Amino acid sequence: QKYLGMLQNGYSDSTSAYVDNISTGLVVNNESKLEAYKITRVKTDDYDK
Amino acid sequence: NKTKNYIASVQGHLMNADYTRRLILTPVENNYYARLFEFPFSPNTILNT
Amino acid sequence: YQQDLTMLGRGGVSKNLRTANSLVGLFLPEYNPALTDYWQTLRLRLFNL
Amino acid sequence: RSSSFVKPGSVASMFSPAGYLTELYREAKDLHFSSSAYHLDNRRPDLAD
């Protein structure tokens with residue numbers, strides 16, 4: 001999870017999605033290509049309050 | 001079952017009911033395309049069918 | 001939750017089977033600390049040997 | 001749910017401090033009427049959230 005974070009596979013509706021990264025495979029729905037994406041977050045200016 | 005041509009499966013637990021579950025038989029494993037049998041778990045969220 | 005447990009104790013009706021994970025604010029069972037202590041000790045003993 | 005066991009020290013455990021805190025709030029919430037300034041949700045409205 002230090003490399004890949006959390007995989008988007010339909011958790012409960014709140015659940016957050018970052019540990020501290022989010023990634024999943026997404027077959028692009030305009031064609032027949034299967035992409036893997038990754039987003040990383042750096043908490044900024046008073047995120048914890 | 002040889003006399004009626006059935007395949008019977010038995011399971012103890014499932015790890016998530018929101019995931020789609022089929023039954024894969026494969027001589028190789030690690031490779032989804034090498035399979036010889038695949039059945040969708042008929043109601044899902046089910047074991048021993 | 002208590003109503004479901006009461007019905008389950010006699011019947012077993014599962015109309016609308018899956019309980020819609022967003023319908024949970026309940027806590028989850030916890031592992032036995034005595035059993036996990038056995039594994040921790042065995043891991044430590046094997047490491048030293 | 002029946003197989004979603006958690007390690008001790010997790011907030012999700014039924015025996016975790018969160019579980020104890022939930023029981024305390026559940027029973028101590030109504031020790032005073034809403035009319036009284038001594039009501040738990042009146043003196044500390046942040047607790048409910």
# chains A, B, ... in the order shown; residues from 1 in each chain; ligands from 1
>>> closest_atom_pairs(of="chain C", to="chain A", cutoff="9 Å", atoms="only C-alpha atoms", output="tab-separated table")
residue	atom	partner	partner_atom	distance
C:20	CA	A:12	CA	8.7
C:21	CA	A:12	CA	5.9
C:22	CA	A:12	CA	5.4
C:23	CA	A:12	CA	9.0
C:24	CA	A:12	CA	8.9
>>> select_by_dssp(residues="chain C", states="alpha helix (DSSP H)", output="list in words")
residues 2, 3, 4, 5, 6, 7, 8, 33, 34, 35, 36, 37, 38, 39, 40, 41, 42, 43, 44, 45, 46, 47 and 48 of chain C
>>> write_last_selection(atoms="N, CA and C atoms", output="compact mmCIF listing (two decimals), in the first residue's frame")
# COMPACT_ATOMS: atom_id res chain seq x y z
N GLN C 2 -31.11 -6.00 16.29
CA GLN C 2 -31.70 -6.96 17.23
C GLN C 2 -32.94 -7.63 16.64
N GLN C 3 -33.73 -6.90 15.85
CA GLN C 3 -34.88 -7.51 15.19
C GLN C 3 -34.43 -8.60 14.22
N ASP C 4 -33.36 -8.34 13.47
CA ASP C 4 -32.85 -9.33 12.54
C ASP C 4 -32.35 -10.57 13.27
N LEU C 5 -31.68 -10.38 14.41
CA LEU C 5 -31.19 -11.51 15.19
C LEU C 5 -32.34 -12.33 15.76
N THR C 6 -33.41 -11.66 16.20
CA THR C 6 -34.57 -12.38 16.74
C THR C 6 -35.23 -13.24 15.67
N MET C 7 -35.46 -12.68 14.49
CA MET C 7 -36.06 -13.43 13.39
C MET C 7 -35.16 -14.58 12.98
N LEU C 8 -33.86 -14.31 12.93
CA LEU C 8 -32.89 -15.33 12.53
C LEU C 8 -32.88 -16.50 13.50
N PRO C 33 -6.85 -12.38 21.49
CA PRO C 33 -5.46 -11.99 21.78
C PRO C 33 -4.60 -13.14 22.29
N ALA C 34 -5.21 -14.17 22.88
CA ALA C 34 -4.43 -15.31 23.35
C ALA C 34 -3.86 -16.12 22.19
N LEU C 35 -4.65 -16.29 21.12
CA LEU C 35 -4.17 -17.03 19.96
C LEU C 35 -3.09 -16.25 19.21
N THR C 36 -3.29 -14.94 19.03
CA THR C 36 -2.27 -14.14 18.36
C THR C 36 -0.99 -14.06 19.17
N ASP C 37 -1.09 -14.23 20.49
CA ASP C 37 0.12 -14.26 21.32
C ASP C 37 0.92 -15.53 21.09
N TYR C 38 0.24 -16.66 20.84
CA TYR C 38 0.95 -17.90 20.52
C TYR C 38 1.76 -17.75 19.24
N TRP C 39 1.15 -17.17 18.20
CA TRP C 39 1.86 -16.99 16.94
C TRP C 39 3.03 -16.02 17.10
N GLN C 40 2.83 -14.94 17.86
CA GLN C 40 3.91 -13.99 18.09
C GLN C 40 5.08 -14.65 18.82
N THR C 41 4.79 -15.46 19.84
CA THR C 41 5.85 -16.14 20.56
C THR C 41 6.58 -17.14 19.66
N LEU C 42 5.82 -17.92 18.88
CA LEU C 42 6.44 -18.91 18.00
C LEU C 42 7.30 -18.23 16.94
N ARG C 43 6.85 -17.09 16.43
CA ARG C 43 7.66 -16.33 15.48
C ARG C 43 8.96 -15.87 16.13
N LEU C 44 8.89 -15.39 17.37
CA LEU C 44 10.09 -14.91 18.05
C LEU C 44 11.05 -16.05 18.38
N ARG C 45 10.52 -17.20 18.81
CA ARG C 45 11.37 -18.33 19.14
C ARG C 45 12.09 -18.86 17.90
N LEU C 46 11.38 -18.98 16.78
CA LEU C 46 12.00 -19.47 15.55
C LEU C 46 13.06 -18.51 15.05
N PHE C 47 12.84 -17.20 15.20
CA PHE C 47 13.82 -16.22 14.77
C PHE C 47 15.14 -16.38 15.52
N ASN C 48 15.07 -16.52 16.85
CA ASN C 48 16.28 -16.64 17.64
C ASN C 48 17.01 -17.95 17.35
>>> interface_residues(of="chain D", to="chain C", cutoff="7 Å", atoms="only C-alpha atoms", output="PyMOL selection string")
chain D and resi 4-8+12-14
>>> interface_residues(of="chain B", to="chain D", cutoff="8 Å", atoms="only C-alpha atoms", output="PyMOL selection string")
chain B and resi 13-15
>>> interface_residues(of="chain B", to="chain C", cutoff="12 Å", atoms="only C-alpha atoms", output="JSON, numbers by chain")
{"B": [16, 17, 18, 19, 43, 44, 45, 46]}
>>> closest_residue(among="A:16, A:21, A:9, A:27", to="chain B", atoms="only C-alpha atoms")
A:9
>>> closest_residue(among="A:25, A:48, A:8, A:43", to="chain B", atoms="only C-alpha atoms")
A:8
>>> atom_distance(atom1="atom CA of residue 18 of chain A", atom2="atom CA of residue 15 of chain D")
25.9 Å
>>> residues_around(residues="segment 32-38 of chain A", least_positions_apart="4", cutoff="9 Å", atoms="only C-alpha atoms", output="JSON, numbers by chain")
{"A": [4, 5, 21, 22, 23, 24, 25, 26, 27, 28]}
>>> write_last_selection(atoms="N, CA and C atoms", output="PDB file, in the first residue's frame")
ATOM      1  N   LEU A   4       0.842   1.439  -3.930  1.00  0.00           N
ATOM      2  CA  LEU A   4      -0.415   1.436  -4.668  1.00  0.00           C
ATOM      3  C   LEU A   4      -1.586   2.068  -3.931  1.00  0.00           C
ATOM      4  N   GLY A   5      -1.496   2.246  -2.616  1.00  0.00           N
ATOM      5  CA  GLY A   5      -2.612   2.830  -1.888  1.00  0.00           C
ATOM      6  C   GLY A   5      -3.812   1.899  -1.842  1.00  0.00           C
ATOM      7  N   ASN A  21      -2.801   7.006  -0.932  1.00  0.00           N
ATOM      8  CA  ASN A  21      -2.926   7.008  -2.380  1.00  0.00           C
ATOM      9  C   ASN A  21      -4.205   6.291  -2.785  1.00  0.00           C
ATOM     10  N   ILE A  22      -4.663   6.597  -3.993  1.00  0.00           N
ATOM     11  CA  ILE A  22      -5.803   5.927  -4.603  1.00  0.00           C
ATOM     12  C   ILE A  22      -5.374   5.464  -5.986  1.00  0.00           C
ATOM     13  N   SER A  23      -5.796   4.260  -6.356  1.00  0.00           N
ATOM     14  CA  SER A  23      -5.476   3.713  -7.663  1.00  0.00           C
ATOM     15  C   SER A  23      -6.502   2.647  -7.994  1.00  0.00           C
ATOM     16  N   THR A  24      -6.716   2.436  -9.289  1.00  0.00           N
ATOM     17  CA  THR A  24      -7.513   1.314  -9.765  1.00  0.00           C
ATOM     18  C   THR A  24      -7.370   1.239 -11.274  1.00  0.00           C
ATOM     19  N   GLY A  25      -7.692   0.066 -11.811  1.00  0.00           N
ATOM     20  CA  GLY A  25      -7.812  -0.078 -13.242  1.00  0.00           C
ATOM     21  C   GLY A  25      -9.177   0.405 -13.698  1.00  0.00           C
ATOM     22  N   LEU A  26      -9.180   1.171 -14.782  1.00  0.00           N
ATOM     23  CA  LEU A  26     -10.414   1.699 -15.348  1.00  0.00           C
ATOM     24  C   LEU A  26     -10.377   1.476 -16.849  1.00  0.00           C
ATOM     25  N   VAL A  27     -11.212   0.558 -17.328  1.00  0.00           N
ATOM     26  CA  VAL A  27     -11.392   0.397 -18.762  1.00  0.00           C
ATOM     27  C   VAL A  27     -12.117   1.633 -19.276  1.00  0.00           C
ATOM     28  N   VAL A  28     -11.443   2.397 -20.135  1.00  0.00           N
ATOM     29  CA  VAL A  28     -12.010   3.645 -20.625  1.00  0.00           C
ATOM     30  C   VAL A  28     -13.258   3.343 -21.442  1.00  0.00           C
TER      31      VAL A  28
END
>>> select_by_dssp(residues="chain B", states="strand (DSSP E or B)", output="ChimeraX atom specification")
/B:22-25,37-40
>>> write_last_selection(atoms="C-alpha atoms", output="short mmCIF file (atom, residue, chain, number, x, y, z; two decimals), in the first residue's frame")
data_model
loop_
_atom_site.label_atom_id
_atom_site.label_comp_id
_atom_site.auth_asym_id
_atom_site.auth_seq_id
_atom_site.Cartn_x
_atom_site.Cartn_y
_atom_site.Cartn_z
CA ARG B 22 -17.67 -16.87 -10.44
CA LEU B 23 -16.09 -20.34 -10.29
CA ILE B 24 -12.93 -20.85 -12.36
CA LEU B 25 -11.27 -24.17 -13.16
CA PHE B 37 -14.73 -24.10 -16.77
CA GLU B 38 -16.43 -20.94 -15.50
CA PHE B 39 -19.80 -20.58 -13.77
CA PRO B 40 -21.41 -17.53 -12.15
#
